[PDB]
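In what follows, a structure is listed as structure tokens, so that the remarks can point back to it.
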Amino acid sequence: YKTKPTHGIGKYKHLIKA
Amino acid sequence: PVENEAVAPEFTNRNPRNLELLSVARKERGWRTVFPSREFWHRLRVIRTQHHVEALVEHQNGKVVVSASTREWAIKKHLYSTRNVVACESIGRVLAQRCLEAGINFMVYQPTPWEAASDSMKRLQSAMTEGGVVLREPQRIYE
Amino acid sequence: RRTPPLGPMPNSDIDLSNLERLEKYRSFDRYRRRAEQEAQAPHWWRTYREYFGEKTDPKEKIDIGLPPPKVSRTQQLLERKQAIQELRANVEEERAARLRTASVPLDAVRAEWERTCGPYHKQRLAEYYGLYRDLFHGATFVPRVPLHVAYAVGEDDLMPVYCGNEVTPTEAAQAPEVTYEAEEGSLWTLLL
Amino acid sequence: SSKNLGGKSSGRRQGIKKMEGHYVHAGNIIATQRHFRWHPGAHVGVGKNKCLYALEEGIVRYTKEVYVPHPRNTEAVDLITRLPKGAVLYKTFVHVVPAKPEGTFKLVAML
Amino acid sequence: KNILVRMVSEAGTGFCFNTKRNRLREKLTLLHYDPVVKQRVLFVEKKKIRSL
Amino acid sequence: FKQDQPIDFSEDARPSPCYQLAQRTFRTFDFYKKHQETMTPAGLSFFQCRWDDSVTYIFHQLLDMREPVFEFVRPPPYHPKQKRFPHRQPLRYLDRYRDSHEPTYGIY
RNA sequence: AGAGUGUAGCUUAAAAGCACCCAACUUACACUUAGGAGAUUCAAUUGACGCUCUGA
RNA sequence: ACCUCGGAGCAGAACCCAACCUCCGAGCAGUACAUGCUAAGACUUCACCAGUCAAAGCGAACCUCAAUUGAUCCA
Ligand SMILES: [Mg+2]
Ligand SMILES: [Mg+2]
Ligand SMILES: [Mg+2]
Ligand SMILES: [Mg+2]
């Protein structure tokens, strides 16, 4: 959730540049 | 009356290896979108490394009941080069022997296609089936 | 309304810059191993090893077994090295390995396994079935001296019991034959 | 003069119907939606419209586990291989912890 | 483009279904289940009643 | 187990017949607690046992009792509360809460 | 002459995990398959055979 | 200018919400007919008419896309 401390855990496109 | 007739209407069992022996244990279904999904009772974990070949048999909880690796002196002293096909064949045979001596004779093998297309895994499965243990566990009664 | 994380993020130890210089995952087995290794680390959020009941794994038990004998490991290692070096000099073993046809004896490897890491596998199989949980109530031990018991039914075969065998009551109506190595100066107590 | 047309859509009524803590039986649909938002975990099946339904009676739990894609899906394969050494995904998984047993032993006769 | 035809079975007459087919091809001879036989028999294209 | 000094016990002895199930109530935990500084475990071997045709003869000419039977029963299936007007329900909805599948008659 | 040291290229590893090359596919890279060579420098926590730095 | 339906922001993190507010479209498709028969439990376009997922069994070798459409009577 946005307010829970576990926010932004499923992000993956920021680690790639292709 | 006989004092030895204390049976009670309800009888419990304190053995974890009991529900899966009568085809009444529930399988942790789901996952689907990932692979090795948890709908089984015993798995055939195989780990191939450039130095040694280790094969384990784990339960649905996450503990191994029997493992077979070339790092053991009992197998390492009877063969050469723990990387060829005869090494993994002997590992599969000794694992089948140990599982026959342990009572377990039903496991699910779900490898990868690039590994299943090889010859070492095929010969290991052949040695496992010829030992007395057939893969592919049957269905569940009232799933 | 934003709350700070209660621990280190799984994708925060690496930098978002100079990504073209870092080595990418060339295959999928490495990613699978990394995932299965990271899934075992205790996390601070809700994980699978919490709700489905794990019977509290982080808990040190009490050993009530015999201590292992004092054996020099360097001498055993150098002896094993010399043995495998003398065995590698053979050419017949090389031919058998090249021709994909090389068999090993089963009785010899069985005896060597029972003499070496046999007790460890016996202990892990006994704790898998929950024997130490019901007998000693959590306390576990290690069977140092090997044990061999074989029943007598017909007239040629046998009905042995290993670490989880299956013996029918019709094949265990009489007393079996227990055989184990022992010295002259120690008593034993068998319990079934 | 009124160039746009077809913007008179309605709501699909897609969302979570059972939160964490409710006693969900076997067969109750957890949540219907498009695209894999909450991937299934334990005792949670899928259908054709990418829906979530329970399989056993218990308490539905929502955790975050690792995401191991299938080797046959080439899209996820390349998406994983394009990741650096030390990159995980960790998506939200739905699990149903069973509470009632699947059976017991009861005495019938006595001969 | 396409066309809808009806397939008549060889064994156990009385059970027929409908399936799509191309308009510029020949007839169909597929394997469809027959409930009165509980096996697999042959089906032949016969009598079209749709031109979609 | 493996005991050090020769120690003999008499409170755990059993008679020559020993065919009573009330006296065979043995507990390994209490037996190990009563003899802790004497015996030490050193061997373990277990196996699995199933039912066969010899259990009948055992219970007959070894325990002087009857053979108990059991059956792996299952809990009844769950069904919601039967409403008065089942909106959008098949015809077989009344058979889900029906006791016996026979035409019952009241005052007739 | 003094100091830092001590498991193959790496280890808050105790004989393992990462690394390397060859043979098959590829314009080429690469996965995978089939194989190979690799180490606790010596005598019982001690002293000395190898490297570096500070000097002359 | 429009007459049916879907998606993107308005409506931002369960759900619903309109405009003659600004844009993409759809009246179909590339391949096998077990695209067989029954049967617990739910969502439901804010009512109804409608639509969708699925435990298990007999039977069989071991399904992809977003809207993608037509009821009463009668023939
Ligand atoms: Mg809209
Ligand atoms: Mg509207
Ligand atoms: Mg409604
Ligand atoms: Mg089914």
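Letters A, B, ... mark the chains of the structure tokens in the order given; residue numbers begin at 1 per chain; ligand numbers begin at 1, in order shown.
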Taking only C-alpha atoms (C1' of nucleotides) into account and nothing else, which residues of chain G lie no more than 9 Å away from chain B? Please answer as a PDB file with C-alpha atoms (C1' of nucleotides), in the first residue's frame.
```pdb
ATOM      1  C1'   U G  32      22.325 -24.678 -22.489  1.00  0.00           C
ATOM      2  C1'   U G  33      24.677 -29.476 -23.138  1.00  0.00           C
ATOM      3  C1'   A G  34      29.265 -32.654 -23.021  1.00  0.00           C
ATOM      4  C1'   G G  35      34.592 -32.251 -20.244  1.00  0.00           C
TER       5        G G  35
END
```
Residues of chain C near chain B: apply a cut-off of 9 Å, count only C-alpha atoms, and supply the list as a PyMOL selection string.
chain C and resi 54+80+83-84+87-88+93-94+96-98+100-106+108-113+116-117+121+124-125+128-131+134+161-166
Each residue of chain H with at least one atom at most 10 Å from chain F should appear once, together with its nearest atom pair and the corresponding distance in Å (one decimal); atoms considered: only C-alpha atoms (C1' of nucleotides); ordering: chain, then increasing residue number; output as a tab-separated table.
```
residue	atom	partner	partner_atom	distance
H:39	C1'	F:92	CA	9.7
H:40	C1'	F:77	CA	7.5
H:41	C1'	F:79	CA	8.3
```
Could you list, as a PDB file with C-alpha atoms, in the first residue's frame, every residue within 12 Å of region 13-18 of chain F, counting only C-alpha atoms (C1' of nucleotides) and ignoring same-chain residues fewer than 5 positions away?
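And here is the file that came out, result_32.pdb:
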```
ATOM      1  CA  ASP F   8      18.755 -53.032  38.242  1.00  0.00           C
ATOM      2  CA  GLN F  23      -0.322 -52.132  32.628  1.00  0.00           C
ATOM      3  CA  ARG F  24       1.551 -51.478  29.358  1.00  0.00           C
ATOM      4  CA  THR F  25       1.015 -47.698  29.695  1.00  0.00           C
ATOM      5  CA  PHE F  26       4.715 -46.974  29.217  1.00  0.00           C
ATOM      6  CA  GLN F  61      -5.627 -65.028  21.532  1.00  0.00           C
ATOM      7  CA  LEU F  62      -3.320 -62.337  22.961  1.00  0.00           C
ATOM      8  CA  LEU F  63      -5.419 -59.576  24.599  1.00  0.00           C
ATOM      9  CA  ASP F  64      -8.782 -61.275  25.364  1.00  0.00           C
TER      10      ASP F  64
END
```
Per-residue DSSP, chain F, filtered to helix (DSSP H, G or I), as a list in words:
residues 28, 29, 30, 31, 32, 33, 34, 54, 55, 56, 57, 58, 59, 60, 61, 91, 92, 93, 94, 95 and 96 of chain F
Using only C-alpha atoms (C1' of nucleotides), tabulate the residues of chain H lying at most 12 Å from any atom of chain A, each with its closest atom pair and that distance in Å to one decimal, by chain and increasing residue number, as a tab-separated table.
```
residue	atom	partner	partner_atom	distance
H:12	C1'	A:2	CA	11.7
H:13	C1'	A:2	CA	5.9
H:14	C1'	A:1	CA	11.9
```
For the residues in that selection, give me C-alpha atoms (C1' of nucleotides) as a PDB file, in the first residue's frame.
```pdb
ATOM      1  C1'   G H  12      -5.232  10.407  -7.601  1.00  0.00           C
ATOM      2  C1'   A H  13      -4.424   4.736  -2.245  1.00  0.00           C
ATOM      3  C1'   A H  14     -11.829  -0.489  -1.344  1.00  0.00           C
TER       4        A H  14
END
```
Skip residue 15 (chain C) itself and residues of its chain fewer than 4 positions away, then list as a list in words all residues within 12 Å of it, counting only C-alpha atoms (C1' of nucleotides).
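Using only C-alpha atoms (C1' of nucleotides), the neighbours found are residues 14, 15 and 16 of chain A; 11, 19, 20, 21 and 22 of chain C; 84, 85, 86 and 87 of chain D.
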Residue subset to file, keeping N, CA and C atoms, as a compact mmCIF listing (two decimals), in the first residue's frame:
```txt
# COMPACT_ATOMS: atom_id res chain seq x y z
N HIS A 14 12.89 0.74 -12.76
CA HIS A 14 13.91 1.73 -12.42
C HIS A 14 15.32 1.14 -12.43
N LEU A 15 15.44 -0.18 -12.37
CA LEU A 15 16.74 -0.85 -12.40
C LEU A 15 17.20 -1.20 -13.81
N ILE A 16 16.39 -0.90 -14.83
CA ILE A 16 16.73 -1.19 -16.21
C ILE A 16 16.69 0.11 -17.01
N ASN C 11 15.88 -3.74 -2.77
CA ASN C 11 16.50 -3.19 -3.96
C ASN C 11 17.06 -1.80 -3.68
N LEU C 19 24.39 1.64 -14.72
CA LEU C 19 23.81 0.31 -14.85
C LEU C 19 24.38 -0.46 -16.04
N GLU C 20 24.95 0.24 -17.02
CA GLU C 20 25.52 -0.44 -18.18
C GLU C 20 26.82 -1.15 -17.85
N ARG C 21 27.47 -0.79 -16.74
CA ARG C 21 28.73 -1.41 -16.36
C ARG C 21 28.55 -2.64 -15.47
N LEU C 22 27.42 -2.75 -14.78
CA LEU C 22 27.18 -3.91 -13.93
C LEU C 22 26.83 -5.13 -14.77
N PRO D 84 20.11 -6.54 -13.31
CA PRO D 84 21.50 -6.68 -12.86
C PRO D 84 21.64 -7.79 -11.83
N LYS D 85 22.89 -8.07 -11.49
CA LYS D 85 23.21 -9.11 -10.51
C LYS D 85 22.84 -8.62 -9.12
N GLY D 86 21.67 -9.05 -8.64
CA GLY D 86 21.20 -8.64 -7.33
C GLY D 86 19.96 -7.77 -7.39
N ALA D 87 18.97 -8.20 -8.17
CA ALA D 87 17.72 -7.46 -8.33
C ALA D 87 16.56 -8.43 -8.16
```
For the interface of chain H with ligand 4 (cut-off 12 Å, counting only C-alpha atoms (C1' of nucleotides) and all ligand atoms), please tabulate each contacting residue of chain H alongside its nearest pair of atoms and their separation in Å to one decimal, rows sorted by chain and increasing number, as JSON lines.
```
{"residue": "H:38", "atom": "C1'", "partner": "ligand 4", "partner_atom_place_in_ligand_line": "1 (Mg)", "distance": 11.4}
{"residue": "H:39", "atom": "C1'", "partner": "ligand 4", "partner_atom_place_in_ligand_line": "1 (Mg)", "distance": 10.6}
{"residue": "H:54", "atom": "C1'", "partner": "ligand 4", "partner_atom_place_in_ligand_line": "1 (Mg)", "distance": 8.9}
{"residue": "H:55", "atom": "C1'", "partner": "ligand 4", "partner_atom_place_in_ligand_line": "1 (Mg)", "distance": 7.9}
{"residue": "H:56", "atom": "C1'", "partner": "ligand 4", "partner_atom_place_in_ligand_line": "1 (Mg)", "distance": 6.7}
{"residue": "H:57", "atom": "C1'", "partner": "ligand 4", "partner_atom_place_in_ligand_line": "1 (Mg)", "distance": 8.5}
{"residue": "H:58", "atom": "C1'", "partner": "ligand 4", "partner_atom_place_in_ligand_line": "1 (Mg)", "distance": 11.4}
{"residue": "H:59", "atom": "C1'", "partner": "ligand 4", "partner_atom_place_in_ligand_line": "1 (Mg)", "distance": 11.9}
```
When you look at residue 137 (chain C) with a cut-off of 12 Å (counting only C-alpha atoms (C1' of nucleotides)), what residues show up, excluding the ones that are within fewer than 3 positions of it in the same chain? I need them as a ChimeraX atom specification.
/C:61-62,127,130-134,140-141 /F:27-30,32-33
For the selection just defined, write its residues with C-alpha atoms to a file, as a tab-separated table (two decimals), in the first residue's frame.
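So the final result, stored in part_6.tsv, reads:
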```tsv
chain	number	residue	atom	x	y	z
C	61	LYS	CA	17.40	-27.93	21.58
C	62	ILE	CA	19.41	-30.12	23.98
C	127	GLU	CA	13.48	-35.70	13.81
C	130	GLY	CA	8.80	-36.21	15.11
C	131	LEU	CA	10.30	-38.98	17.25
C	132	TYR	CA	12.25	-36.66	19.56
C	133	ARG	CA	9.16	-34.45	19.92
C	134	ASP	CA	7.06	-37.31	21.34
C	140	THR	CA	17.34	-35.10	20.52
C	141	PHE	CA	20.42	-37.31	20.32
F	27	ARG	CA	6.18	-43.47	28.94
F	28	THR	CA	9.70	-42.93	27.61
F	29	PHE	CA	9.96	-39.41	29.08
F	30	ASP	CA	9.31	-40.50	32.67
F	32	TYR	CA	14.37	-41.45	31.03
F	33	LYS	CA	13.79	-38.93	33.83
```
